[PDB]
């Protein structure tokens, strides 16, 4: 259906640049929107300054956005729930504070939208999969696509995709997240897995992009990194059970191309230093997503016997003091190959 849905309330768990930006979209589709941040003092500050001076500096919170540190106040009444809490704290949030939240969600069949990205080290599971150990899969959807937070927060044209096992769940979320001025447009897909794989691997690939640049390479190089890197997202996706339809779409190619040209992103800058030769120890001074993700990503790949050439060489560069140039050459040690893509049309 091409007709939008407006609600009375929405809560967002995660007070980062991304969740905050997402609350601005919701603020235009929901009467009320709470954003859950844990530090009570910060909650008040932000509410006073009418601005998340914490993670999205320079943006003016809609007046109907209210930060709260009380989980219970956050979800009560909410007709949509967004999770954007970082991977590492996800499970612990659910164990230590999700009790009432879970029961509420189950009782009222409240749609849940996963926006957290990564791989959990202990289990090597993805964010929606974790959340799925606490909440029935049918209530769950995943949001992914090229979406720089500032741009999303200030209403500049953005297209993301929403994925759910049941397309019909995605289509209903598509109608709650899409704005009235067509500035935030959601496309439906069923590929939850491809979405989550693309989201996680893009951050690792994005350090490679930095590596390339620090190494003296240019735009031809980066384009080739995005293209080959995508095959790695596609193969890991196949192995994990996904149907792969998100791979060449917004969640995959779209978010991947974006994240890799983000020259001022911390993923890029870190790779760029490693590229220039600076040791990782010297660098770290606010961790980069790709750095944290490379390790688990590598363990998961190994466990599933998926070859991910770019992601391994990026992992070695980051974790095992491998010379970027030695890495590049090894990557190119393969010899002359076929492009390796299947025909679309027989």
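Positions refer to the first chain, counted from 1. Between two forms, the rigid core is the largest collection of C-alphas that superpose within 1.5 Å.
Of 265-273 and 73-81, which departs more from this form in 6 other deposited structures of this protein by CA RMS after core fitting: Between 73-81 and 265-273, greater C-alpha deviation in 6 other deposited structures of this protein belongs to 265-273.
When the core is superposed, where do the C-alphas shift more in 6 other deposited structures of this protein: in 212-220 or in 122-130? With the rigid core superposed, the C-alphas that lie farther in 6 other deposited structures of this protein are those of 212-220.
Might you work out how many residues are unmodelled in the deposited sequence between residue 285 and residue 286, and answer none, 1 to 3, 4 to 9, or 10 or more? Per the deposited record, the segment joining residue 285 and residue 286 lacks coordinates for 1 to 3 residues.
Per the PDB record, is the mean Cα temperature factor higher over 41-49 or over 299-307? The stretch with the larger average C-alpha B-factor is 41-49.
Give the stretch, out of 71-79 and 227-235, with the larger mean C-alpha temperature factor in the deposited entry. Going by the record's values, the stretch with the higher mean is 71-79.
Comparing residue 137 with the other modelled residues of its chain, is its CA B-factor in the lowest, middle or highest third? CA B-factor rank for residue 137: highest third.
Third of the chain, ranked by Cα B-factor, where residue 243 sits: According to the entry, residue 243 has a C-alpha B-factor in the chain's middle third.
Would you check the entry's CA temperature factor for residue 19 and let me know if it's in the chain's lowest, middle or highest third? It belongs to the lowest third of the chain when residues are ordered by C-alpha B-factor.
Would you mind checking where the Cα B-factor of residue 180 ranks among the modelled residues of its chain, as the lowest, middle or highest third? Lowest third, going by the recorded CA B-factors of the chain.
Sort the modelled residues of this chain by their C-alpha B factor and say whether residue 274 lands in the lowest, middle or highest third. Ranked within chain, residue 274 CA B lands in the highest tercile.
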